[PDB]
Amino acid sequence: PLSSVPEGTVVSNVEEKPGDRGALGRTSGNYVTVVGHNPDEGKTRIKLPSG
Amino acid sequence: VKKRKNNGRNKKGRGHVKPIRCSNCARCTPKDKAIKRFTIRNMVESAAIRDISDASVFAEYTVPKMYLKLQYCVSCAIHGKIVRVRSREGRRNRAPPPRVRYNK
Amino acid sequence: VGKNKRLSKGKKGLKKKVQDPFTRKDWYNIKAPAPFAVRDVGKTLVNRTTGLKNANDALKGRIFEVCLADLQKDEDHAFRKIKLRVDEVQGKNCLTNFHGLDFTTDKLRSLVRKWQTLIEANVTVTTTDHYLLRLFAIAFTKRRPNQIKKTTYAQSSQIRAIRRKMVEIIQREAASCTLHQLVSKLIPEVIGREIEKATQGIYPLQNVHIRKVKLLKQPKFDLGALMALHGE
Amino acid sequence: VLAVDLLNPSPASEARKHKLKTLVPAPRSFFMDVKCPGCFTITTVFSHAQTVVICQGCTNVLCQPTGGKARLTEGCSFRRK
Amino acid sequence: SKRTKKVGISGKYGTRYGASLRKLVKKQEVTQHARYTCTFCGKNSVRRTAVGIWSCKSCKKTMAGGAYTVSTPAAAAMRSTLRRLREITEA
Amino acid sequence: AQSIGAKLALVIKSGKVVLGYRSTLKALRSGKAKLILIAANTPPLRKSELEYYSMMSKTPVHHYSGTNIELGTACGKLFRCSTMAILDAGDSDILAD
Amino acid sequence: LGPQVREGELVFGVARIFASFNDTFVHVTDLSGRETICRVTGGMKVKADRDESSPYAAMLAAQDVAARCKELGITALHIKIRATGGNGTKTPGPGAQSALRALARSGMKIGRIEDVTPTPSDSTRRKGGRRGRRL
RNA sequence: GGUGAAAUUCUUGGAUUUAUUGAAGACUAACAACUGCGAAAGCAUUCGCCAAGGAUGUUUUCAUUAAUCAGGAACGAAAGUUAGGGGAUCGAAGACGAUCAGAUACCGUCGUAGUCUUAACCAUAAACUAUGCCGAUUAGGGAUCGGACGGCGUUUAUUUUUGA
Ligand SMILES: [Mg+2]
Ligand SMILES: [Mg+2]
Ligand SMILES: [Mg+2]
Ligand SMILES: [Mg+2]
Ligand SMILES: [Mg+2]
Ligand SMILES: [Mg+2]
Ligand SMILES: [Mg+2]
Ligand SMILES: [Mg+2]
Ligand SMILES: [Mg+2]
Ligand SMILES: [Mg+2]
Ligand SMILES: [Mg+2]
Ligand SMILES: [Mg+2]
Ligand SMILES: [Mg+2]
Ligand SMILES: [Mg+2]
Ligand SMILES: [Mg+2]
Ligand SMILES: [Mg+2]
Ligand SMILES: [Mg+2]
Ligand SMILES: [Mg+2]
Ligand SMILES: [Mg+2]
Ligand SMILES: [Mg+2]
Ligand SMILES: [Mg+2]
Ligand SMILES: [Mg+2]
Ligand SMILES: [Zn+2]
Ligand SMILES: [Zn+2]
Ligand SMILES: [Zn+2]
């Protein structure tokens, strides 16, 4: 899960909502980057390939 | 002809040195070629110290100093009269001038 | 200049009606934490509390610059200034705690001089209370009374030895402390005098100081802890 | 100057020149016998040893290599042979 | 007995598609038809099967890599970053 | 671990060693082996099998830090090698530590 | 109207004087920087815009600050002089010291002078080019 | 705001100024010098890893293995070229405001390529000490950086020997 991840790591096939089995960053040579966390009201900022 | 033995540069033993920005016209010159002056002065001019002194709330007070380091290109150095032309024999004398210690 | 406005209020505008906004302001007193001597440090201004705009919300993220000389009633600490951040607002009173430290600008420029060596280092540290704060250190070479040589320069190998010693001392002292405990060590400059003794063998190293301290993270508010130091 | 006897320099003047610039080159190093306090044995050690020298008995260090001449352990005595 | 001065592998294209376009494709064709040493068995037999699939002819291992290279500079830089980040922070 | 390179070269000249996998195992049955080396990229199943034989025969094992290509060139040979055994030391001192 | 306090005690403010080579700013805030009490610039007094930086204009602008701040109850000031900074001159302008005297003469109290000019550790490229202003 | 003096431009749709917070790219002030290193071009924040180099010290080892080089080869500031990423600041071309008899300029407000990085080309500079490389000899002096050796004291530490 994206919470158990430090900032700055690249991942792939990220779920828009928990349980939909992959929506984002699933093309050859692409990825997404985590930016920061909000431990309260848990939500994470990410950066998409388009910017 | 060579006008100066050191080429007026003071750079021997190395190939390059990073330049700096002139403090007046913002020109680029090598750091070793610029004329550098270090100045220590008071925050206020000597006539104004009394007015600040008796308006303070700390009994005796000492106004702080200000420290600056100005550095010029040669073209702006002798137009502002920081340095001036010397004679042929007097050129080769690098001792700092003797500041007046009696003031008449 | 009176006669330069051309567009003035802009595309289309009209004059105002109500003025003098100072009729609705209020004054509050500011307090200081436990270790410092004097508690009153001045007054502050804010709009009066009203519907849709609470006053306490505007007095919970302010910081103040107070010279350490005023807090300790001593002119020795006339070159260090520290910040106090407001947290809770009692009746016509603001409560504050530590938020940093810094030298005055003129003291730092007077220390640096030509024909000397400047050594500087930094290191992050966390306390038993989960505070993430960073410390800076500074020192200069010391001349010898019978010295004839013009310049006192240290070798770069010796500089790295001193820099390594600086980091070890700072970590050891701040390893097991609280924020209140650490502040009580900053004002008598315990860190500086201990660093000078340890580095004596490598080089004399006059003028040991902690240049500045700034904090990066804070734990939960924990109102019980704030009242412990205040209202003594 | 302008009239000097080059064949017979004074011994004091030859003790200051470089080891190779004298009239005939000569080393300025020597050997010595070191007395380890623990044992009663004798070991021959170069003055400019580049290696850590171990005594035959009780296995104790006697010298530490350095840039010039090796420094001996504090609790030891030697004679220049 | 060199048979070419500069054209190289992209000599099958004759005089078509322009000189510049042939140079770019040659840069990418040369690196995909070569052989690479296996990271597991050590033999010099690894060749590309699909657009992003490389497999060893001896130990039968199959690995996913770049389009025309076994690994890419971006992917290589990430392993070191991930290794360095993990071991200092959690250990 | 730079010392192991120099020690191993001396053993080749003075002592006797046997290279390969089948011959290494056959030496372990006899119980007269003294030290075996294992390369980094040997198959994990083969690695775990070799250590079990050593445990029965109680002989020390050393884990080489390089691939099987580097182990071969560390012995003057022009071919890959993954495991080996040292039947006896010559004038070297590998078994000292 | 003002803070209630005994006659012996006095309440403090801070004055932030920004003196460039083209204008001078006199600005008074509370102990923190959040609340502005008064602000008058040198351009409001002079009408020729080549004298906005003149020391005379700074005196006039500094005088009515004391008058305007007098009834608010504040009686003492801290001073923080600053130059242009950054890539600028780092020398305070001619009107920097004229305003400081006018605050003292008008009757306000002074303490803790300081310089707050911003200095870079290593700056971006500065305007002008490599050959400078050739006039 | 900007200038010798002005204008173009921005502004109660709150400009300029004040305090707190965030993001991005470039750059390493003061200390910094008639000081250090490299074949030259060049190289300045911390720490970890990787291979290399000069001098000094030496009663180790080899024994002429050396000097300089037509053609030939490696590296070679800035600008410029080919493909991606990046694009804060400055700013060729360009557009306006003043000045002037004219002003396609000097001065002022904007601003594209470029300035930075990865993978490949280009091989020129007042690339300067306008002074080719190896070896021997010839005169007085005081400073300074690196290594070794000798010496009377001061300083100082779980302190001696070391270091200043
Ligand atoms: Mg879907
Ligand atoms: Mg050199
Ligand atoms: Mg050059
Ligand atoms: Mg003006
Ligand atoms: Mg002129
Ligand atoms: Mg505003
Ligand atoms: Mg950054
Ligand atoms: Mg140096
Ligand atoms: Mg620096
Ligand atoms: Mg030639
Ligand atoms: Mg270039
Ligand atoms: Mg370029
Ligand atoms: Mg394309
Ligand atoms: Mg591009
Ligand atoms: Mg611009
Ligand atoms: Mg033009
Ligand atoms: Mg040429
Ligand atoms: Mg030439
Ligand atoms: Mg001489
Ligand atoms: Mg001397
Ligand atoms: Mg020396
Ligand atoms: Mg000595
Ligand atoms: Zn200039
Ligand atoms: Zn003994
Ligand atoms: Zn394989």
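Residues numbered from 1 in each chain as written, not as in the entry; some residues may be left out. Chains lettered and ligands numbered in written order. Part of a larger assembly, values for the part shown. Heavy atoms only, no water. Residues with missing side-chain atoms left out of burial classes, pairs and counts.

As recorded in the entry header, the structure was determined using cryo-EM to a resolution of 2.9 Å.

Chemist: I would appreciate a short explanation of unusual backbone geometry in the present structure.
Modeler: For residues besides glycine, phi is generally negative; the peptide bonds are generally trans as well. Residue and element names in this part refer to chain C. Of note, the phi angle at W115 is positive, near 60 degrees, even though the residue is not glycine. Relative to the elements of secondary structure, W115 occurs in the loop between α2 (105-111) and β6 (118-126). A positive phi angle is found at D222, which is not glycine, with a value near 55 degrees. Note that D222 resides in the loop between β8 (212-217) and α6 (223-229). (Helix = DSSP H or I, 4+ residues; strand = E, 2+ residues; numbered from the N terminus.)

Chemist: Any chance you could explain the coordination of the zinc ion (ligand 25) here in plain terms?
Modeler: When a metal holds four donors in a tetrahedron, each ideal angle between them is 109.5 degrees; when it holds six in an octahedron, the ideal angles are 90 or 180 degrees. Residue and element names in this part refer to chain E. Every protein donor of the zinc ion (ligand 25) is accounted for by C38 (SG), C41 (SG), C56 (SG) and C59 (SG), and the metal-donor separations fall at 2.3 to 2.4 Å. Here the zinc ion (ligand 25) binds four donor atoms, and the angle range of 97 to 124 degrees at the metal identifies the geometry as tetrahedral. Positions of the donor residues of the zinc ion (ligand 25) along the chain correspond to the pattern C-x2-C-x14-C-x2-C. Take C38 and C41: they sit in the same class, and that class is buried. (Donors = N, O, S within 2.8 Å, 3.2 Å for Na, K, Ca; no water. Tetrahedral: all angles 85-135°; square planar, octahedral: opposite > 155°, others 65-115°. Buried < 20%, exposed > 50% of the residue type's maximum accessible area, 1.4 Å probe, protein only.)

Chemist: Could you clarify how one ought to interpret the interface of chain C and chain G in this entry?
Modeler: Size of an interface, as often reported, equals the accessible area lost when the parts are brought together. Chain C puts 26 residues into the contact, and the matching count from chain G is 27 residues. Our enumeration of links across chain C and chain G arrives at five salt bridges. The salt bridge involving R112(G) is made with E75(C); its shortest N-O contact spans 3.4 Å. Run the count over chain C and chain G and you get four residue pairs in polar contact. Broken down by element, the residue count for the side of chain C that touches chain G peaks at five residues, all from strand β2 (residues 43-47) of chain C. In the side of chain C that touches chain G, the residues fall into 11 nonpolar, seven polar and eight charged. (Contact = heavy atoms within 4.5 Å. Salt bridge = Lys/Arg side-chain N within 4 Å of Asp/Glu carboxyl O. Polar contact = N/O pair within 3.5 Å; in protein donor to acceptor, adjacent residues only side chain to side chain. Nonpolar A, V, L, I, M, F, W, Y, C, P; charged D, E, K, R; others polar.)

Chemist: Sorry, what's going on with the interface of chain F and chain E here?
Modeler: Taken together, the contact pairs four residues of chain F with five residues of chain E. For the pair chain F and chain E, the summed buried surface comes to about 290 Å²; carbon and sulfur atoms form 35% of the total. Its largest share of buried area at the contact with chain E, chain F owes to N41(F), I69(F) and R80(F), together 86% of the area lost on that side. Our count for the chain F to chain E interface comes out at zero salt bridges. Applying the counting criterion to the chain F and chain E interface returns one residue pair in polar contact. Here the side of chain F that touches chain E is composed, by residue class, of one nonpolar, two polar and one charged. (Buried area = accessible area lost by both parts, 1.4 Å probe.)

Chemist: Please explain the protein's contact with RNA strand H as it appears in this structure.
Modeler: In the vicinity of RNA strand H there are 74 residues, among which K36(B), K5(C), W115(C), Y153(C) and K19(D) approach most closely. Among the atoms of RNA strand H close to the protein, meaning within 4 Å, 62% are from sugar or phosphate groups. The contact in question runs from a phosphate oxygen of RNA strand H to an N or O atom on the backbone of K9(C), over 2.8 Å. When residues of the surface near RNA strand H are traced back to their parent elements, those giving at least two are α3 (156-173) of chain C together with β2 (24-29) of chain G. Looking at the surface near RNA strand H residue by residue, the class counts come to 14 nonpolar, 26 polar and 34 charged. (Near = heavy atom within 4 Å.)

Chemist: When you look at the pattern of salt bridges in this model, what are you seeing that I'm missing?
Modeler: Proximity of charged atoms lets side chains of opposite charge pair with each other. Residue and element names in this part refer to chain C. Across all of its chains, the model carries 25 salt bridges over all chains by this definition. Of the charged contacts in the structure, one is a salt bridge between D40 and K31, with a shortest N-O distance of 2.7 Å. For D40, a relative accessible area of 48% puts it in the partly exposed group. Ionic pairing is found between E194 and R172, a salt bridge with its closest N-O pair at 3.4 Å. Taken together, the residues span a long stretch of sequence, with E194 in helix α5 (residues 190-198) and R172 in helix α3 at a distance of 22 residues. The partly exposed category is assigned to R172, whose relative accessible area is 46%.

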